[PDB]
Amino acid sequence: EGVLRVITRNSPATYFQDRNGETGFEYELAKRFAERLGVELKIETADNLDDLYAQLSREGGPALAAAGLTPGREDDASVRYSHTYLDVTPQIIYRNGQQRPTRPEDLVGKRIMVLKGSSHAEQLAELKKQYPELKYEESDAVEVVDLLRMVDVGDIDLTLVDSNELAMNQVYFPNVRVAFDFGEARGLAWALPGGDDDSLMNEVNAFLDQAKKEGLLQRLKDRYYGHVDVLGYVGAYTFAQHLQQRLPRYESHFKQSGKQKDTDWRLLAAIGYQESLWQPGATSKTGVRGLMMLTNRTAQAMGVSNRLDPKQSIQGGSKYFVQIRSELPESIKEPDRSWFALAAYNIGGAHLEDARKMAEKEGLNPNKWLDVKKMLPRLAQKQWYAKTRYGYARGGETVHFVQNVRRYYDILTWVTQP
């Protein structure tokens, strides 16, 4: 009897696969709960919001939905909502360099898009009784990340989303901006079907209450909010510079790992630079640490017993990069093979293989970096990642990682001639 089925959205704010496996706010909260129940967690992902509620309410479907949901009516007993675990405020979003709307009326005449079946579509439905001139579009083939992208690039003028979605994604869409809060703050909650037995619901709320206080929720809220992921290019002045101040402390370790693994030490050093700017005490709330930013797991798998030791960190991250490169399909030849190895280092081999399958179906060459790097940002677009085996990944940040490591590599190559 020991298997909790939880239905969710495949999206960065809820549940997704990265290079280490499953992750996401909802995914963890649901995992720390199935642990507290002594059962196996089975994640199931819905096609869109209507379908989530449909699967929740058909027999015999999933136990609960954990998916950043805004509770509906309390006197509707068909669906029942847990206590709230996170507070958000819906926000109108516009693009920088356009007329910032200041109040609900200003939405008339703009192109507006929201997820179909959402809290946020209902808010506009309501607003449209008060202003029949309002027009807006609804879609099941987008996620909140698509909407922000569409605003960012100017394919639509405005959207409406929860503020936590904005905290999560803002950094990856430089052109987007809050126009105004549009509704009162409210708390998200898990959704269970109604309703005759309260066994589960009572356990859910005991958990969500214990997780606040005990800090668990604020723990999570901070790991994921505002977080950067892949560092920006620092420019020639700063690299300058760290070449002078930092590299000489570590060059010998890069050179020795280079010999040991029969590979260009300058590319190892470039990775290290993108990962930590050559700082052996660097860390993230995401659980990587050291000069090459290894996870505990990857560190153990590579013989690394102290992640804060530069020589060990450099030895293990390099081993990891080189093994990833060796495991790629034989049809990928150098120099592309190294660029694919960097892409997998960041996004994981599974997402990378989906991008290669996608490229093929597009009539492109799946052994060429210039082709597959065109596919990678589509893994952030629902229309595309829903047709893939591993779903969403922030593929545009993978591309940025590879480009940045190649820029540092090219400079290092230049100052190390002839």
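Note that residue numbering follows the sequence shown and begins at 1.
Mean CA temperature factor is higher for 211 to 219 when stretches 211 to 219 and 120 to 128 are set side by side in the entry. Between 136 to 144 and 220 to 228, the higher mean Cα B-factor belongs to 220 to 228. Taking the deposited Cα B-factors for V88, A343, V153, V288, the highest one is held by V88. Ranking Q99, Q312, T159, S338 by Cα temperature factor from the entry places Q99 first. Looking at the C-alpha B-factors along this chain, the one for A66 belongs to the middle third. Residue-level temperature factors show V114 in the lowest third of its chain, judged at the C-alpha atom. Among all modelled residues in this chain, the alpha-carbon of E362 has a temperature factor (C-alpha) in the middle third. Per the PDB record, residue ranking by Cα B-factor puts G21 in the highest third of the chain. In this PDB entry, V3 carries a Cα temperature factor that places it within the highest third of its chain's modelled residues.
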